[PDB]
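As a plain string of letters, each chain reads:
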Amino acid sequence: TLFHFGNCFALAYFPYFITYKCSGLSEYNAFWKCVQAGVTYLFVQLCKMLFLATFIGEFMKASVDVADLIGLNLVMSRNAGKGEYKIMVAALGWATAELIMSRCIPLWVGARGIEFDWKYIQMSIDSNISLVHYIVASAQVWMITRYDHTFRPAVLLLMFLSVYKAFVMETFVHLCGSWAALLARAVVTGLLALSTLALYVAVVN
Amino acid sequence: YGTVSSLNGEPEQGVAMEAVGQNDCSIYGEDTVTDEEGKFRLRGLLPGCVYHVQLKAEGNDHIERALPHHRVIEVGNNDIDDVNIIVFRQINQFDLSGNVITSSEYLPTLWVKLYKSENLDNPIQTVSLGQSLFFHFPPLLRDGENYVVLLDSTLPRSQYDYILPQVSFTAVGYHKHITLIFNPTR
Amino acid sequence: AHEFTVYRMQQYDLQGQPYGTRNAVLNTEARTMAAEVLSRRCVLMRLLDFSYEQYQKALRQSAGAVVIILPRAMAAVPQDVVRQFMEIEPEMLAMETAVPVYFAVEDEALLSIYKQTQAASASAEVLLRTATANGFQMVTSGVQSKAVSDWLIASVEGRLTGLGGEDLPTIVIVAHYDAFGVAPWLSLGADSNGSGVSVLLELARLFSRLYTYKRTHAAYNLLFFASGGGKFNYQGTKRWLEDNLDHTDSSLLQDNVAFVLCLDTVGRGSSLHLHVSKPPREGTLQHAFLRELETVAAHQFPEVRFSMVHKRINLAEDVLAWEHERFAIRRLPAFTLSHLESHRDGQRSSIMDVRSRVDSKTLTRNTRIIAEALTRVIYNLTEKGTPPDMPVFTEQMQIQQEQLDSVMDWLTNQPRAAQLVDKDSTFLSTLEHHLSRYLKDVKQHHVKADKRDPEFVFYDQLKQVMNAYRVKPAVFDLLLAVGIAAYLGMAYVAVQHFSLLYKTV
Ligand SMILES: *[C@@H]1O[C@H](CO)[C@@H](O)[C@H](O)[C@H]1NC(C)=O
């Protein structure tokens, strides 16, 4: 099923390339910025693993979310320019880090063989929605930054509370099918996407 | 007027021989202990009644069976002849046996026991199974004597989980085939 | 990915010509019985609907492999299907089928995979079928079967000395403990000679008890032989009889050999038949024993019909019918005892011969009959009185029903096929110990292969593990490719769509 691996890779990697080519990559040549963001993401993942080893499930998810937010904020503050463009250099870098992480190596070891579980296509779908989830996270970071009005800190706190929505939905599904769970994650992530774009049009001033 | 020989042909000695009559002749009958040759000399030859040569209940403790239990003989105008009865002695041994149902790899780590009932801490026989799924405890005597066959393996609980069977086979019979089943887990 | 254990069909060779399946590698889809190509595809059938015309169609179509899903219980299967599977077996086995035949055991996931394959095989419709084409692919493990060239067929022999003299007649009792069915690993063989080796063991116990004591120590040497290498043309008896006749000059198989008994499939059934290669000569020991047997079976137990069966030796068949044939070939008096009436009957082999197929009462009655006939002939009782209307084995020597049941359970506990019982396996070791506790001079004869024109070469890879890999054809995945292309186009449009939406606000 190598050609299945091909289809799954075409589903996963290609949207990142599309965003790369449709966001004006030549403005900063974000390859170095993306590499720095990926290094920061790896460091944050190592820190989260160390914290989990030191130390129930909600606390680990909260710590991981805090580390990811801190890394995204540092990456955004590393560069100055257009807000949408720091948004891109942060979110795309983090998403590429996630793809290079354990959603491509299992895609390699599994698939390409004889077995066919829908898990691989599900992983590709979840990796594609992780792009917009990290878009939401970068939007939260941008709201945190760009000066300090009109209950903006309250909205930022609401977005932070809504963060870790993936872990919340996973816990709910465990308490409550696999494709049904993936669909639920897609809809909640899309709802957070629309909430974040509403925040953006509120904050444009 | 016959012979009382053993199974192979050895002439039994000291076996009580008598003839018990039936019908009205039940009151007539004498006995005679056979000689070394097995040639009994029963007398009291009254015609008109059939005879039954058979083994006396008393004085025949050592001897267990008489395979032709009774011999119908017609008493005509002559004597009887060629009355042969074969007899078996009374075997006293128990000849214990019994297989074990277990996996092959657990067999070397097992020794079956023969704990006497009165004291389960002082075994009297500890035949090791070794590599064969059949123990043949040396023959015991049969008089009550409740026993145990606790299968005392060497495999400790530290690395496996198991329960050792226990079988009681109170010795009044003539054989036994205890079938201890040993199936540990984990 | 299910991982079940499949037991293969026989792959034995005799006298140079092959037998059974001759392949142990398969990597194909699992297309069960349907009007499709069925060529180079594993075919899944269940024993409940396993018809011989269907199986021959499968083999003639050159299937990749044939897998049969045996019911897990193997006892709750209806008896009519059991009889049909008895009649299917000898014809299925005696062929050079080049397609592997595997026998599996029912499982929940096995039922699921069979159901899905059955649904998919028989059946806008074309594109829907391609999209939902959940046909599993089954692959096995290991390499092809290799000729095991150093397999020693085992054999356990034990003696019983007479009373006095060096010229005593030597009655011989043999029984081939093994039993091959259509699957060596599934060939428990309870009603096969596995029920004859139990009677031999009980006879050993009883005659040891009788011989230990002097007053019942009859003058008749008894050579017991729990032979291995059985239904495979009785090689274990062949080698033993050759080594005790032409190689050496000692041993009891030449001095004054009396009748040579052989026991096989002596379990279930209400009829006992003593088979002979040639009629007994009047006045000899065989005729005396036959007369004692008929008197016992007619006076002691009238519930059994008894009759000689005189089958002339045939030197054209693949196997030598019974076991007494190999003895009668070397000018040695012999006859076989069996509940069967015709050697051509397929009641032997019979992977279906589960332990619950040999009734303990019938086995005890058969052992009583055989042991009493032997006791009467050995101890000269018949010309001593002792009318046949009363037995010898009443008390203190009764045939232990518990012992027979336990021995039968132990024999059925593990497969007894000649290709799986090692020269040092716990089965053989326990058999040797059991015979050693009652007999004298117990040893273990072995036949290797003669290394020239191999009399037998058993093959390996009989218990391969097979994987049930789920797979879908490439046409489904082409549909998925069109879908992901549509998704990528939508994503490409979505960037400008969202830019316009944000600009509109
Ligand atoms: C024992 O048997 C042989 C032949 O079967 C016979 O000649 C002999 O008379 C028998 N012995 C007795 C005591 O009947």
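Definitions and limits used
- Residues numbered from 1 in each chain as written, not as in the entry; some residues may be left out.
- Chains lettered and ligands numbered in written order.
- Heavy atoms only, no water.
- Residues with missing side-chain atoms left out of burial classes, pairs and counts.
- UniProt positions renumbered as here; feature names shortened; annotations may be inferred.
- Helix = DSSP H or I, 4+ residues; strand = E, 2+ residues; numbered from the N terminus.
- Rg over C-alpha atoms; globule rule 2.2 N^0.38 Å.
- Buried < 20%, exposed > 50% of the residue type's maximum accessible area, 1.4 Å probe, protein only.
- Pairing = 2+ DSSP bridges.
- Right-handed = clockwise from strand over helix to strand, strands pointing away.
- Axes fitted to C-alpha atoms, helices over the stretch in contact; angles between N-to-C directions.
- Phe/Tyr/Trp six-rings, centres within 6.5 Å; stacked < 30°, edge-to-face > 60°.
- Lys NZ or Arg CZ within 6 Å of the ring centre and 35° of its normal.
- Core = buried A, V, L, I, M, F, W, Y, C linked by side-chain atoms within 4.5 Å.
- Contact = heavy atoms within 4.5 Å.
- Nonpolar A, V, L, I, M, F, W, Y, C, P; charged D, E, K, R; others polar.
- Domains from an automatic or database assignment.
- Disulfide = S-S within 2.5 Å.
- Buried area = accessible area lost by both parts, 1.4 Å probe.
- Salt bridge = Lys/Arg side-chain N within 4 Å of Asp/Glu carboxyl O.
- Polar contact = N/O pair within 3.5 Å; in protein donor to acceptor, adjacent residues only side chain to side chain.
- Expected span 1.5 Å × (residues − 1).
- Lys, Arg positive; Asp, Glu negative; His and termini not counted.

Its PDB header attributes the entry to cryo-EM and lists the resolution as 3.65 Å.

Per the PDB entry, the recorded name for chain B is BOS complex subunit NOMO2, and the organism is Homo sapiens.

If you check the PDB entry, chain A appears there as Transmembrane protein 147 from Homo sapiens. Quoted verbatim from the Sequence similarities field of UniProt, the annotation for chain A is "Belongs to the TMEM147 family."

A. Spotlight on the overall build of chain A. The helix and strand tally for chain A stands at nine helices and zero strands. In terms of overall dimensions, chain A is globule-like: its C-alpha atoms have a radius of gyration of 17 Å, near the 17 Å expected for 205 residues. Principal-axis analysis of the C-alpha atoms places the extent of chain A at approximately 55 × 45 × 35 Å.

B. Expanded view of the pairing of strand β11 (residues 170–174) of chain C. All names here are of chain C. Most of β11 is tucked away: five of the five residues are buried. Where burial is concerned, the two faces of β11 agree: the one with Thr170, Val172 and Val174 and the one with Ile171 and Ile173 are both buried. Bridge analysis of β11 against strand β12 (residues 221–227) gives five bridges, and the strand direction is parallel. Its bridge partner lying in β12, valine 172 is registered against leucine 223. Handedness of the β-α-β unit built from β11, helix α5 (residues 194–212) and β12 comes out right-handed. By the bridge criterion, three bridges tie β11 to strand β13 (residues 260–263) in an arrangement that is parallel. By the bridge assignment for β13, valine 174 is matched with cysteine 262.

C. Highlighting the sheet that holds strand β1 (residues 2–5) of chain C. Residues and elements named next belong to chain C. Within the open sheet, the four strands sit side by side as β1-β18-β9-β5. Their pairing is antiparallel. Every other strand in the sheet has two partners, leaving β1 and β5 (27–29) as the edge strands with one partner each. In this sheet, adjacent strand axes meet at a mean angle of 25° when their direction is disregarded. Judged from the four bridges that link them, β1 and strand β18 (residues 465–469) form a sheet pairing that is antiparallel. Paired with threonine 5 across the two strands is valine 465, which belongs to β18.

D. The packing of aromatic side chains, seen in detail. All names here are of chain C. One pass over the structure, following the stated rule, counts 34 aromatic pairs over all chains. Ring centres 4.9 Å apart and planes at 45° place the aromatic pair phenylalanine 456 and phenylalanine 458 in the tilted group. For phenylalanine 456, a relative accessible area of 2% translates into the label buried. A relative accessible area of 2% means that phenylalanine 458 is categorised as buried. Feature note: the residues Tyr12, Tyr19, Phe180, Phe232, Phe456 and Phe458 constitute an aromatic cluster, connected by ring pairs. Just above the ring of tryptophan 322 sits the side chain of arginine 348; from NZ or CZ to the centre is 4.7 Å. Lying across the ring of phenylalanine 476, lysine 472 places its NZ or CZ 5.5 Å from the centre.

E. Up close: the nonpolar core. By size, the foremost hydrophobic cluster in this structure holds 95 residues, and its most contacted members are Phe135 of chain B together with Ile378 of chain C. Residue contributions to this core peak at ten residues, all from α5 of chain C. With residues near it in sequence (within four places) discarded, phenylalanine 135 of chain B still touches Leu96, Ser97, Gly98, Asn99, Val100, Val112, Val127, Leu129, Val149, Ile178 and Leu180 of chain B.

F. Structural view of the interface of chain C and chain A. Each partner contributes to the interface: chain C provides 16 residues, whereas chain A provides 17 residues. Examining the composition of the side of chain C that touches chain A, we find that ten residues originate from one element, helix α12 (residues 474–504) of chain C, more than from any other. Taken together, the residues of the side of chain C that touches chain A break down into twelve nonpolar, one polar and three charged.

G. Geometry of the sheet that holds strand β7 (residues 84–89) of chain B. Residues and elements named next belong to chain B. If you walk across this open sheet you meet the three strands as β1-β7-β5, and the pairing is mixed. Of all the strands in the sheet, the pair left with one neighbour each is β1 (3–5) and β5 (63–66). Each neighbouring strand pair of the sheet contributes to a mean axis angle of 30°, computed without reference to strand direction. In terms of strand pairing, β1 meets β7 through three bridges, oriented parallel. By the bridge assignment, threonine 3 is partnered in β7 with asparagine 84.

H. Examining the domain arrangement of chain B more closely. Assigned domains within chain B: domain 1 (3–89) and domain 2 (92–186). In this structure, domain 1 of chain B and domain 2 of chain B have C-alpha centres spaced 45 Å apart.

I. Fine view of the environment of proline 18 of chain C. All names here are of chain C. Within the secondary structure layout, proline 18 lies in strand β4 (residues 17–18). The sequence separation of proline 18 and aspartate 107 amounts to 89 residues, and the corresponding C-alpha distance is 33 Å. When near neighbours in sequence (up to four residues on either side) are disregarded, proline 18 contacts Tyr12, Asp13 and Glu96.

J. Structural view of the state of the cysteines. Residues and elements named next belong to chain B. All told, the structure shown has one disulfide over all chains when counted by the stated rule. Between the sulfur atoms of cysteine 25 and its disulfide mate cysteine 49 the distance is 2.0 Å. On the S-S bond that ties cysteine 25 to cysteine 49, the torsion sits near 75°, and the link is right-handed. Here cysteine 49 lies in the loop between β3 (31–33) and β4 (51–54) and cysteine 25 lies in the loop between β2 (16–19) and β3, a separation of 24 residues in the sequence.

K. Examining the interface of chain C and chain B more closely. Counting residues at the interface gives 39 residues for chain C and 35 residues for chain B. In total, chain C and chain B occlude about 3300 Å² of area from one another, counting both sides; carbon and sulfur atoms represent 54% of this. Among the residues of chain C in contact with chain B, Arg215, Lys384 and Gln396 of chain C are the three that bury the most area, contributing 25% of the side total. Counting across the chain C and chain B interface gives three salt bridges. With its nearest N and O atoms 3.8 Å apart, the salt bridge here joins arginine 209 of chain C to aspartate 95 of chain B. In this structure, the connection of chain C to chain B is made through 16 residue pairs in polar contact. Elements that contribute at least two residues to the side of chain C that touches chain B include exactly α5, α10 (401–413) and α11 (426–436) of chain C. The biggest single contributor to the side of chain C that touches chain B is α10 of chain C, with six residues. Taken together, the residues of the side of chain C that touches chain B sort by class into 15 nonpolar, 16 polar and eight charged.

L. Fine view of helix α9 (residues 178–203) of chain A. Residue and element names in this part refer to chain A. Here α9 is 26 residues long and its end C-alpha atoms lie 37 Å apart, about the 38 Å a rise of 1.5 Å per residue gives. The complete set of buried residues in α9 reads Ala181, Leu182, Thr189, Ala193 and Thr196. Packed against the buried residues of α9 are α6 (119–144) and α8 (165–175).

M. Expanded view of the side chain of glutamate 323 of chain C. Residue and element names in this part refer to chain C. Here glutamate 323 lies in the loop between β15 (305–310) and α8 (324–329). Look at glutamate 323: it is buried, it has no salt bridge, and the nearest opposite charge is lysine 231 at 7.0 Å. Only 2.3 Å separates the side chain of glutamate 323 from the side chain of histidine 176, close enough to count as a polar contact. Sequence-distant contacts of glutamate 323, defined by excluding residues within four places in its chain, comprise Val174, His176, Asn193, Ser227, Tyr234, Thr237, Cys262, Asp264 and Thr336.

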